[PDB]
Student: 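Submitted below is the structure of interest, expressed as structure tokens.
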Amino acid sequence: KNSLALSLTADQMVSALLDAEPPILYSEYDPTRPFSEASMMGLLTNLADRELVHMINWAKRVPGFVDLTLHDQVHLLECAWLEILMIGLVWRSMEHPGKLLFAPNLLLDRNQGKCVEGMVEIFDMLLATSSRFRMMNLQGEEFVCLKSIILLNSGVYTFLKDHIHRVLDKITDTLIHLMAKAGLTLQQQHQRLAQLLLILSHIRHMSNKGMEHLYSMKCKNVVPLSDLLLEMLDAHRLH
Amino acid sequence: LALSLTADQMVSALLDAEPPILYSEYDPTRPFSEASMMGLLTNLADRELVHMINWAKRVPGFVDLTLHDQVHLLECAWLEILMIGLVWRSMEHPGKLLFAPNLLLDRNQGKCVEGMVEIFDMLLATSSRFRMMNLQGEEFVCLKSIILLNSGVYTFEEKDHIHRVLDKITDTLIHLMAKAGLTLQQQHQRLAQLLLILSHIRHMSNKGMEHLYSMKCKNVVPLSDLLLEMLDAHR
Amino acid sequence: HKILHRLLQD
Amino acid sequence: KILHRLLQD
Ligand SMILES: C[C@]12CC[C@@H]3c4ccc(O)cc4CC[C@H]3[C@@H]1CCC2=O
Ligand SMILES: C[C@]12CC[C@@H]3c4ccc(O)cc4CC[C@H]3[C@@H]1CCC2=O
């Protein structure tokens, strides 16, 4: 009736999150023939589908997650999957100003985004988010915490329990610890925590726009979607 | 002068900028239809909207921002602000939404309108959260102000000024928690717990906007041109 | 000329 | 549910 996650120290939380990191995957992107709406969507959804497989492995390695029942785990992933992909992407694109690092062999800049009408405004937000992490010096230890928050948090209020909020608190505790260790003043700690948590609101926004765009692509037969992706979309419901 | 106010008078100015609780022109004599209930909601919102605009003017730091920026902020935040307002005052009416003192709608009455039950459920959930944490009106007026300032800042520098005043409200939030007797770590935990609910409020707002947009194309109810300016800034 | 902008000016 | 399967594999 417990969780070995609730008695982890800060350090142990950071360690277990850093090692749980998924690998960077490559795009099967063939640079010997042009970008088209279909073909870019094809490369992106393909990459999303394979990143997905690793995301699930990773989630089972977030402290306190596998303590949830499957039906909860399912709901959380279903609910967070795109936010997680997005924040990963933004992290990878940090020290590449103006560009999105979908894969080491897939750097796309805002204008490439126009290749798929309806996409460029999502690229725009993703790039805005990259600048903000960049100019606030986001660290990897903070990144992996934010990412774990999005997982446990983004689906917790549509469970219509306290153990998920217990673990969320222990991550808050870890974030502060990291800031104090980096020598931030007490009030610099609480300011920075708020600045990081406030960005999650905007990532949530991007996810909703991204979900509606992907749905549009589907309902216009621009690209096929792996049955896995199709089930992620279906968890959400669009017009 | 907004960066130089004390926590106390930050709180004071916000509690004092609060909009009035408006009434619905609902007639308890003639029963609901999809179109009457929605008409009642979008009428109510058009009115709260004009109050909101004045309240925003009285959020510290707001009129420091260019008018072009003030618009963009209100355009992104407006429904989010509406929704937190609704959740706040529905807080101790478990299972219902107090849209207006004379218009408190139970989870079932959400079905009159197609697609609304879902958004209702997320609203009541959040209201069930505020009550769970026993949110306080002083914290509330901070959340609300934070939404106004945070929601549109990344889709524009005065971004800094905005972040500077956003830090002030953060400071204010913690002041309120320290004074309430919380250990340091209970402070940073509560703060985080509140800020994470803003992501859900953002979610509800994104969902509410798509539904508002579907009721509009289907022409089931007339919106005031104010509400439509607001809507159409979102796509 | 958005009615919002005019409400903000007034 | 492919997700359900992947979650317990
Ligand atoms: C889902 C998506 C395609 C795939 C993108 C994608 C793909 C891989 C990845 O590591 C991150 C992202 C972030 C955004 C995703 C798009 C938003 C709208 C859309 O159609
Ligand atoms: C905008 C809205 C009508 C007006 C509702 C409304 C109206 C007044 C109010 O104080 C709060 C709310 C919250 C939700 C709003 C609806 C969501 C979908 C829709 O069409």
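A note on names: the letters A, B, ... follow the listed sequences, proteins ahead of strands, and every chain is numbered from 1. All values below come from the heavy atoms of this structure, side chains included, with hydrogens, waters and symmetry mates left out. Atoms within each ligand, like the ligands themselves, are counted from 1 in listed order.
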Student: Just jot down the ligand 2 atoms closer than 4.0 angstrom to any heavy atom of B:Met215, in number order.
Tutor: 20 (O)
Student: At a 4.0 Å threshold, what atoms of ligand 2 neighbour a non-hydrogen atom of B:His211?
Tutor: 18 (C), 20 (O)
Student: Tell me whether B:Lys144 forms a cation-pi arrangement with B:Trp88, defined as NZ or CZ under 6.0 Å from the six-membered ring centre and within 45 degrees of its axis.
Tutor: no
Student: Under a 3.5 Å cutoff, is there a donor and acceptor pairing between the side chains of B:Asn134 and B:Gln136?
Tutor: yes
Student: Just to confirm, does any protein heavy atom lie below 4.0 Å from atom 18 (C) of ligand 2?
Tutor: yes
Student: Under 4.0 Å from a heavy atom of B:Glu48: which atoms of ligand 2 are those, numbered in the order shown and with their elements?
Tutor: 8 (C), 9 (C), 10 (O)
Student: In ligand 2, which numbered atoms sit nearer than 4.0 Å to a non-hydrogen atom of B:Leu212?
Tutor: 1 (C), 19 (C), 20 (O)
Student: Taking everything shown except A:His54 itself, do over 12 heavy atoms lie less than 6.0 Å from its NE2?
Tutor: yes
Student: Would you say A:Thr45 has any N or O atom under 3.5 Å from an N or O of ligand 1, going by distance alone?
Tutor: no
Student: Do A:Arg204 and A:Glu83 meet the salt-bridge criterion of a basic N to acidic O distance under 4.0 Å?
Tutor: yes
Student: Please compare A:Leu47, A:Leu82, A:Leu44, A:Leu52 and report which has the shortest non-hydrogen distance to atom 15 (C) of ligand 1.
Tutor: A:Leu82
Student: Any chance CD1 of B:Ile21 has more than 12 other-residue heavy atoms, nucleotides or ligands included, within less than 6.0 Å?
Tutor: no
Student: When you measure from the heavy atoms of B:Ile119 to every atom of ligand 2, does any distance fall below 4.0 Å?
Tutor: no
Student: With a cut-off of 4.0 Å, which atoms of ligand 2 are near a heavy atom of B:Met38?
Tutor: 20 (O)
Student: Looking just at side-chain N and O atoms, do B:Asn54 and B:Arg58 make a donor-acceptor pair shorter than 3.5 Å?
Tutor: no
